[PDB]
Ligand SMILES: *[C@@H]1O[C@H](CO)[C@@H](O[C@@H]2O[C@H](CO)[C@@H](O[C@H]3O[C@H](CO)[C@@H](O)[C@H](O)[C@@H]3O)[C@H](O)[C@H]2NC(C)=O)[C@H](O)[C@H]1NC(C)=O
Ligand SMILES: *[C@@H]1O[C@H](CO)[C@@H](O[C@@H]2O[C@H](CO)[C@@H](O[C@H]3O[C@H](CO)[C@@H](O)[C@H](O)[C@@H]3O)[C@H](O)[C@H]2NC(C)=O)[C@H](O)[C@H]1NC(C)=O
Ligand SMILES: *[C@@H]1O[C@H](CO)[C@@H](O[C@@H]2O[C@H](CO)[C@@H](O[C@H]3O[C@H](CO)[C@@H](O)[C@H](O)[C@@H]3O)[C@H](O)[C@H]2NC(C)=O)[C@H](O)[C@H]1NC(C)=O
Ligand SMILES: *[C@@H]1O[C@H](CO[C@@H]2O[C@@H](C)[C@@H](O)[C@@H](O)[C@@H]2O)[C@@H](O[C@@H]2O[C@H](CO)[C@@H](O)[C@H](O)[C@H]2NC(C)=O)[C@H](O)[C@H]1NC(C)=O
Ligand SMILES: *[C@@H]1O[C@H](CO)[C@@H](O[C@@H]2O[C@H](CO)[C@@H](O)[C@H](O)[C@H]2NC(C)=O)[C@H](O)[C@H]1NC(C)=O
Ligand SMILES: *[C@@H]1O[C@H](CO)[C@@H](O[C@@H]2O[C@H](CO)[C@@H](O)[C@H](O)[C@H]2NC(C)=O)[C@H](O)[C@H]1NC(C)=O
Ligand SMILES: *[C@@H]1O[C@H](CO)[C@@H](O[C@@H]2O[C@H](CO)[C@@H](O)[C@H](O)[C@H]2NC(C)=O)[C@H](O)[C@H]1NC(C)=O
Ligand SMILES: *[C@@H]1O[C@H](CO)[C@@H](O[C@@H]2O[C@H](CO)[C@@H](O)[C@H](O)[C@H]2NC(C)=O)[C@H](O)[C@H]1NC(C)=O
Ligand SMILES: *[C@@H]1O[C@H](CO)[C@@H](O)[C@H](O)[C@H]1NC(C)=O
Ligand SMILES: *[C@@H]1O[C@H](CO)[C@@H](O)[C@H](O)[C@H]1NC(C)=O
Ligand SMILES: *[C@@H]1O[C@H](CO)[C@@H](O)[C@H](O)[C@H]1NC(C)=O
Ligand SMILES: *[C@@H]1O[C@H](CO)[C@@H](O)[C@H](O)[C@H]1NC(C)=O
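Chains as they are written, first to last, in full-length UniProt numbering: chain A, 689 to 729; chain B, 730 to 836, 848 to 1068; chain C, 924 to 1162; chain D, 1118 to 1162.
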């Protein structure tokens, strides 16, 4: 029941921002994240 | 990016001839190597287009109530009514570059290339999809400032974002507040001068057009080289195979194989060297997206001339246009 | 520290679990290996000579026959080296560009801290650690990322005794009942004071300015010092 | 509040005189006039 599907790609999740002339969001907390990046030399 | 080109080395050197194909196998991997080289170029066009525009894995959207403190982004935000959702300034950009084959099916220089085993492959991302990624970048910029770069998008009022910017160039945030009508008017008026420039002069997009013109000029040159004799009794392969038996035809066809194969090595070398120019430019545009759009840069003259405030990306035929906003 | 220690753990587990991550370095090693094999396989091609084996020409033909066949192999072979060296020069330009970028990230992410957004990993750059790899470099970029946000009401400036006030650093916010001042990248609210803020102009010009009392940390330090003094005068009724 | 101190007037090339205002000053000296009239009044009973 598996098969090759073909589709027009989505570019990401749709996300309207909570914008308003007097609204702000501020982070109460944070994460330290470590990301590997690799370059040929 | 530049137009993806696929050439079939065998269809170009040996148009429908078994004899020429059997002689071409005497060279071995030369035909495959030149398709590997052009495939490495064709694939890194989609990479370059991803590096520049696909900087956010989420499609931000502007609110319906445009209360951006008096700043009027309506000429750089999407248009709902136009069949492709590009902005007003993006439509001017799409009119002001001319293309030699877009690759979108056939049913003239485009025709002459296709009749000779030369093909243009379509980009992965459509011009609607680059308009959507540009909408996400611009709507994140207007509604969230740098914060959508550093993590989740945080809303901030647009005049309050511009205040953080001003502190960023060492001008105190009340210099915005006390002048906000003037600063919004100057911005609105400068977005006006972008149109009154691009609408009227031909040369402004010249960097993009020159990139298209070279890929066109080189495909035209590779089409023309099929008319070279290279010392054979004809430039046309069938006229040799018609007038000679195998024992004399092989001597003539071997000249044309040698000359056409040297012509492809020239095209593929010119295209690989050119492809390095475009990759350096894509890395520059991805860096300018990261540092001028998703942020504010303290790097002098990196994000347009003057003290950088913010910048807005726009889609363009095979390119990007940055509208840099600077305090002078 | 615990988040950092755990994230370094997730690097170990990532590089254990996934196949594709080194796919840049692996693709560079494959490209030069495949090119060298292409260069050796191109020796077996005839180029129209009666064999690709050099001695099968030199024996089975006379001198002025053989020279016409050997010159095909010399021509084709020389073109094979010119092709490999052209592919290697063009390749070397990409590795150079990548080495100059790596030397720039060593300079700016390892020897420093970058204010260039998304240059040294995604998020706000804290620091980076280099690791050696076959023909390459790996950076572990460490970044601060904003996590749990709350919405707040905000204002451009605050009004008190008819003058406007603005934050020295940070932004004003309200939880719905009280105004606070806080740093723009982490929620730590404070009572709004004359030490957190500076003054400019009367209350009319600022679009969106609200009304909220500002505290003066010199004031109750003088006003309690009026009651002490006030107590003196009461004592001084008695002697 | 706008300025910070370091060293004395001899070392800096091209330094100039001007007065430097202190905002604590009339905020204390008004609190001396607020005091002086109270001492004068408290002679009267
Ligand atoms: C907005 O933030 C304000 C500051 O945290 C908060 O006001 C504070 O509310 C608490 C009660 O939840 C008060 O705490 C005191 O309450 C009585 C006072 O007699 C005592 O029994 C307690 O032990 C304690 O001392 C704070 O006094 C009060 N602070 C102020 C400045 O009024 C608001 O409740 C927050 N508003 C919203 C909508 O969340
Ligand atoms: C923030 O606080 C301000 C000070 O209380 C307040 O200003 C005051 O606003 C009222 C209403 O507009 C004015 O009332 C007077 O209006 C005219 C004179 O201008 C008279 O005809 C009326 O009879 C009445 O006396 C106050 O004069 C005015 N105060 C000052 C110093 O101008 C703001 O309106 C407050 N804003 C908010 C959003 O609360
Ligand atoms: C800036 O203002 C300064 C304060 O008024 C002023 O400094 C004063 O300069 C005079 C003249 O040089 C000195 O006069 C005394 O000098 C020595 C003792 O140090 C004696 O031999 C003299 O007879 C005389 O008493 C003042 O002592 C000196 N005051 C201080 C506090 O250093 C500057 O001259 C002014 N400069 C300018 C350019 O405006
Ligand atoms: C920040 O608030 C927005 C919406 O504004 C609020 O709307 C009221 C219900 C009330 O909460 C007011 O204080 C605000 O003015 C949030 O956006 C909504 O998110 C939910 C999903 O969580 C979604 O179903 C709604 O459709 C969204 N509405 C809009 C207009 O976008 C936003 O999620 C809040 N931020 C956080 C961190 O929760
Ligand atoms: C900030 O977020 C971190 C997680 O990213 C929270 O830390 C966790 O807290 C829960 C309890 O609430 C514990 O069970 C976990 O073990 C904690 N993890 C770590 C790494 O310590 C933290 O509580 C949050 N801080 C605030 C102030 O909300
Ligand atoms: C933002 O600028 C645009 C362009 O000037 C404004 O759009 C015009 O609005 C007037 C008045 O309704 C119309 O007569 C024009 O025909 C509109 N032109 C276009 C291109 O739509 C827009 O109104 C401005 N926004 C604000 C908030 O003032
Ligand atoms: C594929 O080819 C067919 C023709 O063989 C095209 O079909 C024609 O389309 C036009 C325009 O819509 C119609 O006027 C004709 O009547 C169609 N002819 C037939 C025989 O159906 C079709 O448009 C082509 N599709 C693409 C994407 O090129
Ligand atoms: C700062 O310069 C701006 C122009 O960029 C001045 O604004 C203009 O002022 C004149 C009157 O002096 C008006 O006729 C124009 O319409 C204004 N232009 C705009 C875009 O609003 C402004 O007056 C100057 N400000 C100061 C304090 O000198
Ligand atoms: C903010 O927008 C609301 C409508 O949503 C409006 O009532 C209010 O006057 C606006 N305030 C400012 C400062 O723009
Ligand atoms: C009142 O002042 C006198 C000194 O004049 C001092 O001895 C006494 O302790 C003071 N008492 C009080 C209650 O202040
Ligand atoms: C500036 O230099 C000149 C000499 O070139 C000198 O006469 C003058 O007093 C100096 N002024 C200041 C403020 O240093
Ligand atoms: C003088 O002192 C008395 C208290 O003894 C007080 O009632 C009165 O208001 C004061 N008058 C003035 C003018 O200070």
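Ideal Cβ placement from N, Cα and C applies to all residues, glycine included.
Within chain C, the residues whose beta carbon sits less than 7 Å from that of residue 1155 of chain D are 1156, listed in sequence order. In terms of CA proximity to residue 698 of chain A, B:788 leads the group B:763, B:739, B:788. Contacts with chain C (Cβ-Cβ distance below 8 Å) from the stretch 692–725 of chain A involve 706, 709, 710, 711, 712, 713, 714, 715, 716, 717, 718, 719, 720, 721, 722, 723, 724, 725, listed in chain order. The C-beta of residue 1035 of chain B has 16 or more other C-beta atoms within 10 Å across all chains shown, which makes the residue buried. These are the residues, in chain order, with a beta carbon less than 5 Å from any non-hydrogen atom of ligand 9: A:709, C:1131. Close to chain D, meaning a Cβ-Cβ distance shorter than 9 Å, is no residue of the stretch 1014–1038 of chain C at all. Within the same chain, 1064, 1066 come within 6 Å of residue 1044 of chain C by CB-CB distance, once the 5 residues on both sides are set aside. Runs of the alpha helix (DSSP H) lying entirely within the stretch 909–990 of chain B, each at least 4 residues long, are 914–917, 920–938, 946–964, 977–983 in chain order. For residue 743 of chain B, DSSP assigns no beta-bridge partner whatsoever. The C-alpha of residue 1079 of chain C is placed about 16 Å away from the C-alpha of residue 800 of chain B. Collapsing the DSSP output to three states places residue 1026 of chain B in a helix. When C-beta distances to chain A are compared with 8 Å, the residues of the stretch 1108–1122 of chain C below that value are 1108, 1109, 1110, in chain order. In terms of Cβ geometry, residue 1054 of chain B and residue 822 of chain B form a close pair [threshold 8 Å].
In chain A, no part has a C-beta under 9 Å from the C-beta of residue 1005 of chain B; the shortest such distance is about 26 Å. Interface flag for residue 863 of chain B against chain A is unset, since no Cβ pair is found closer than 8 Å.
Pairing residue 999 of chain B with residue 981 of chain B, the inter-Cα distance amounts to about 17 Å.
By alpha-carbon distance to residue 934 of chain B, the top candidate from B:819, B:1057, B:730, B:968 is B:819. Sequence-distant partners of residue 1031 of chain B (beyond 5 residues in either direction) whose C-beta falls short of 6 Å from its own C-beta, in its chain, are 1037. Residue state for residue 1143 of chain D is assigned as helix, using DSSP reduced to three classes. By the neighbour-count definition (other C-beta atoms within 10 Å, threshold 16), residue 1028 of chain B is a buried residue. Nearest CB-CB separation between residue 1130 of chain C and chain B: below the 8 Å threshold.
Judged by beta-carbon spacing, residue 949 of chain B lies beyond the 8 Å limit of residue 972 of chain B, meaning their Cβ atoms are not closer than that value. Relative to the non-hydrogen atoms of ligand 3, the Cβ of residue 1135 of chain D never comes closer than 7 Å to any of them. Across the structure, residue 1161 of chain C and residue 1143 of chain D are spaced so that their CA atoms are roughly 32 Å apart.
With 16 or more other Cβ atoms inside 10 Å of its own Cβ, residue 871 of chain B counts as buried. With contacts defined as CB atoms closer than 8 Å, residue 1103 of chain C and residue 1112 of chain C qualify as a contacting pair.
The C-alpha of residue 714 of chain A is placed about 7 Å away from the C-alpha of residue 1108 of chain C.
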